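One structure below.
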Ligand SMILES: [Co+2]
Ligand SMILES: [Co+2]
Ligand SMILES: [Co+2]
């Protein structure tokens, strides 16, 4: 119970600019710890935005760059952290990608519109506060039939 | 003689923000080729700004992080490329650090003031066009007696 405060702001540097995000550690302590420890350790450095769907979201955080990889800082998938106060109810929410209940690893996505059909299915754990235009820039790049950008867009590093 | 155009703009992402720089490939083709090839290949990723002197300049580009390391893309130090039209005559010029004539490797610095005593001793090969305030931010961090920041400031990546 004596511990250290979780980070609640990060700056994600990407190929197309910087995305500043606020996080919700009080509501989502496991999800924020997983994310910020990965950030601090460079886990996300050079990861692709491997799945980009205009009018929906951009998804990243896979070391394999194709949706099949990544792990939590605990080496095991971990639980969802849903809250009624945290909804995909505005654009640029930060949420965990997954493969069904309690399968959280490292992959995450940022929406470009409200996505209420993801409520109580994906952990909402932050939102973009600066660089929304960079999210929109990534959102519009040309992609192949599997929604993968022709030209790589990468996380360069996420600070704090 | 048939070749490919050298890049003439880069975006250097750092711990404290992004520094956009224009380069002078027509005047300094070897220096710009060395720099931009290192950039594209990630050579400078995670390099410290290991020498920061307020009111003067910030220096980086050493894999060893202490001034003793780094190499050109040719594995040998290469020649100075001086021109009378390129001077340290305004703040935020981009130049090669070195250890005497024709000892260029990978390390470079950005000035925060005009530094005319470096003219015809260091290759001037670009200048900052956006993010001057980030240069000034790095310039003012607390340093030890050897001008090394107490808190690491890093190049994260330099695009194009
Ligand atoms: Co940046
Ligand atoms: Co914006
Ligand atoms: Co290289």
How big is Rg to Rh over chain A, alpha-carbon atoms, Rh as the Kirkwood inverse-mean-distance radius? 0.93
Hypothetical label at residue B:152: residues of region A:20-51 whose amide nitrogen lies under 18 Å (7 Å Cα-Cβ projection): A:36-47
Mean projected area (nm²) from the convex hull of Cα positions in region A:77-119 is 2.9
How big is the shadow of the Cα convex hull of the protein assembly as shown, averaged over all directions, in nm²? 19.2
Rg to Rh for region A:74-160: what is it, with Cα atoms only and Rh by Kirkwood? 0.97
In whole percent, what relative contact order does chain A give with Cα contacts below 8 Å and a gap of six or more residues? 35
Calculate, in nm to one decimal, what residue A:90 and residue A:8 gain on full extension: separation in residues at 0.36 nm each, minus their alpha carbon distance. 27.6 nm
Using only helices, what value at 222 nm comes out for chain B when you add -39,500 (n - 2.57) per DSSP H run of length 4 or more and divide by the total residues, to the nearest 500 deg cm²/dmol? -3500 deg cm²/dmol
Taking region B:1-77 and dividing mean pair separation by its residue count, relative contact order in percent (alpha carbons under 8 Å, at least six apart): 18
FRET efficiency for residue A:83 and residue B:142, using Cβ-Cβ distance with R0 set to 51 Å, rounded to 0.05: 0.80
Would you mind listing the distances between the residue A:120 label point and the same position in each other copy? Use 7 Å along Cα-to-C-beta, nm, one decimal, shortest first. 7.8
Using only Cα atoms, locate the centre of region A:103-144 and the centre of region A:49-76, then give the distance between them in Å, rounded to an integer. 11
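Quick reminder, even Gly has a Cβ in these numbers, built from the backbone with ideal geometry, and neighbours come from all protein chains shown. Each reported figure results from applying straightforward, stated rules to the coordinates on display, with no laboratory input.
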